[PDB]
Every structure is written in C-alpha cells, then in structure tokens.
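Given next, in structure tokens, is a single chain: the form solved without the partner chain.
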C-alpha cells in the first residue's frame, strides 16, 4: 500500500491538515483520490500535482515553461524508472547531479520531494562505501532530507561530511 502512504507523507510535508483517503486500482496498486470539486484522480504524480495546487504552492511545479517541463520529466522518471537495477540507476543519477543542487537544475521543486521519497527505500540500505561511490546522490539526498518539513517520519540516513 506504499503509494497511499507516500501521498499521506506529501500532504504533511505540504502543510495540509485534512488527510485524504486513497484506494488502489489495478494489478499494480495505483493510487486513487476522490476530490470534493469533484473529478476523481488517479496516479501518484497526477495526485501529487493536485495536492501542490491546493497547498497554494504551485511554484513547486516550476516557474518557467522550461522548469515545468523539467519538473514533468523528473515526475515521469519517478514513476517509470524508480517505481542491482538501482545501482545502474544511481550511477547515472550521480553523474546528472554533479553540477546541480536541485533535480531540475536551479530551484527546489516537487520533483526533488518525490524522488527523495522514492529512493529513500534504497538509500537507507547503501553501505558506507556505496554512499561514498555516489557522492552527488548522497549530497543531494542529505540536503533534501534536511529540507524544512520534508522528511517527517522517514529515517535519517547517516552521511558524514568532510572536516565536520
């Protein structure tokens, strides 16, 4: 039931008090939200973008047409690529992140939150040497894990920072 719990997490990180109920749909257990407006909404990234707008935090979806397309890109990556396989994923992500603090390039967006929640599973299990192998992933993940209100109940992963 992981996706419903993850959308519950995001509700809390977005500072939304009214916890929604989610069902599942299909052999792949895709999340479903009935809304009060009220069209019914299905899929992690579709619901998450809905939740952002009602938290009055639409900047998390990006601020220019280019940043929006980048947020869209990284949302699609979460549901298609994240959701031994992971070591190949992590290496490519490590290279991508070498020159960036945030996933979409410049600013903190929903794409960082959802990728952080999606990888958390795998990052908790990396050895010390593996965290040192993927330095850029570790650096980004540590920054999001400390970012105000995001981690909530997730375990902190231990990252030791040089000369600190």
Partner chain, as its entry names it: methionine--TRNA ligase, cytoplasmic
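Residue numbers count along the first chain shown, from 1.
Although not depicted, the form solved in complex with the partner chain is the subject of the following passage.
Candidate spot 10, 14 and 125, all three touching the partner chain in the bound PDB entry (heavy atom, 4.5 Å): Verified in the bound PDB entry; spot residues all out of contact, no.
4.5 angstroms heavy atom contact with the partner chain in the bound PDB entry for residue 121: Looking in the bound PDB entry, residue contacts with the partner chain do not include residue 121, since no heavy atom lies within 4.5 Å.
Contact flag, residue 129 vs the partner chain in the bound PDB entry, heavy atom cut 4.5 Å: Judged by the heavy-atom cut-off of 4.5 Å, residue 129 is well away from the partner chain in the bound PDB entry.
Residue contact check: residue 41 to the partner chain in the bound PDB entry, 4.5 Å heavy atom: Judged by the heavy-atom cut-off of 4.5 Å, residue 41 is in contact with the partner chain in the bound PDB entry.
Close approach of residue 109 to the partner chain in the bound PDB entry, 4.5 Å, heavy atom: Outside the cut-off, so no.
Within 4.5 Å of the partner chain in the bound PDB entry: residues from 76-96 (heavy atom criterion): Counting only heavy atoms within 4.5 Å of the partner chain in the bound PDB entry, the contacting residues of 76-96 are 76, 77, 79, 80, 85, 88, 92, 95, 96.
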